[PDB]
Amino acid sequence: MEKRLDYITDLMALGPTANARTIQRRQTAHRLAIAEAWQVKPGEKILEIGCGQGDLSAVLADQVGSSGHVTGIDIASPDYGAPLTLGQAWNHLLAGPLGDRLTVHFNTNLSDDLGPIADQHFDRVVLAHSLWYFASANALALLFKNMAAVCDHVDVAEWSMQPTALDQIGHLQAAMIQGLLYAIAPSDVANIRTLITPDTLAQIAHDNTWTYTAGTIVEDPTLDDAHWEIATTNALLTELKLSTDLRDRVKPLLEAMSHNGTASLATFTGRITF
């Protein structure tokens, strides 16, 4: 309960529901922890891949100070989201106290080509909880290859599939079930697509003659992420176009998951150096 946590939380656009701010404050606290793990300093110019509604971008903008800058990239449209769209969220940030430190490029895929950041350099390119959304591990590796042109390293943070408490097993199960099903038969309806781990990142590094360095683990079990993911997995077995037999077979995994808690996994961090 830092003044600073509350300061940054209060800079965000909120939905109108009862628990909006308490949910937001947890999300914001987790991004401060991640920023602390990465040792983000005042003055830096940072590029964030997978910015979504700006929870991390807002935190980084505060951290880098009035002479720093943070550019968020997302493949999503600004009109995506409810109750607030991603553009409503960003325009709120841009019209606020950190606005001059912030830029956002929506509908943007930087593996295609550097496009809107084409001639810039950054002190840091970062990804937090966007790794699992990549099409494949090779696709993540190609993004990194491109980023080598704009920075000397990429910092990452993503859920760990090594649960540190038993009440995190539900979340591990939701992730595995989504990842396996996507692997079995890909879908455009899919949320989680590739379950990247620190060993995947070490292998990407080895394949490309880079280095991967593990950083500190970030614990944040009170994040609503687990509950959201377990519901997403439940939703997906109905929404996916699965055979009866495959559906029926996934059923016991959903049952088990319902009994394995609702705390959020720990989050691993690390750095790919080119």
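In case it trips you up, residue 1 is the first one in the sequence shown, and so on.
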### Query
Mean CA B-factor: is it higher for 228 to 236 or for 62 to 70?
228 to 236
### Query
Averaging C-alpha B-factors over each stretch, which comes out higher, 75 to 83 or 99 to 107?
75 to 83
### Query
Which has the highest CA B-factor per the PDB entry: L181, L93, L172, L166?
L181
### Query
Reading the B-factor column of the entry, which of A256, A263, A18, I23 has the highest value at its C-alpha atom?
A18
### Query
Can you tell me which third, lowest, middle or highest, the CA B-factor of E158 falls into for its chain?
lowest
## Note on the structure
Among the modelled residues of its chain, the C-alpha B-factor of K241 falls in the third labelled highest
### Query
Where does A128 sit by CA temperature factor within its chain: lowest, middle or highest third?
lowest
### Message
Could you place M176 in the lowest, middle or highest third of its chain by Cα temperature factor, using the values in the record?
### Response
lowest
### Query
Relative to the other modelled residues in the chain, which third contains the C-alpha temperature factor of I8: lowest, middle or highest?
lowest
